[PDB]
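Sequence order for the protein chains is C and B. Residue numbers for the first sequence follow the entry's author numbering, so the first one is 194 and each next one is one higher. Residue numbers for the second sequence follow the entry's author numbering, so the first one is 546 and each next one is one higher. Where a beta carbon is used, it is the ideal one built from N, C-alpha and C, also for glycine. To keep things clear, I will list the structure first and then write my remarks on it.
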Amino acid sequence: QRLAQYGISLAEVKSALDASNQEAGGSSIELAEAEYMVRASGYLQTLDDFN
Amino acid sequence: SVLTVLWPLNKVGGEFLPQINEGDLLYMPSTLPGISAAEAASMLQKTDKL
């Protein structure tokens, strides 16, 4: 009923679910003396994140 | 004499290998993690020239 109310399909739900449980950072910048690795969060940890 | 021979036995340590030398050497310094890519080349050139 709530899927029809807001007008959303199951494919969209699956795509948004499988695209929010990752963690990837692929850079490294030099602060004039040493390297600094760039990391980005995104994992699903608690129920507040699923919601 | 067989008894007197007990003096050096306890005065000599036990070692697994001798150090066998080769005609070459390998220099390896203990360092720290943080390092860039240009400073590494600079340090390498300095150590080689020294």
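Give a yes or no on whether 7 Å exceeds the smallest Cβ distance from residue i to chain C.
i       : result
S587(B) : no
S581(B) : yes
Could you have a look at residue i and say whether DSSP puts it in helix, strand or coil?
i       : result
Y199(C) : helix
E205(C) : helix
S587(B) : helix
To the nearest angstrom, how far is the alpha carbon of residue i from that of residue j?
i       : j       : result
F561(B) : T239(C) : 56 Å
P574(B) : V547(B) : 48 Å
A217(C) : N566(B) : 48 Å
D593(B) : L570(B) : 13 Å
Any beta carbon from chain B within less than 7 Å of residue i's own beta carbon?
i       : result
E205(C) : no
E216(C) : no
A227(C) : yes
Are the Cβ atoms of residue i and residue j separated by less than 7 Å?
i       : j       : result
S587(B) : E228(C) : no
Flag this pair as touching only if the segment 549-556 of chain B and the segment 196-213 of chain C have three or more C-beta atom pairs under 8 Å; answer yes or no.
-> no
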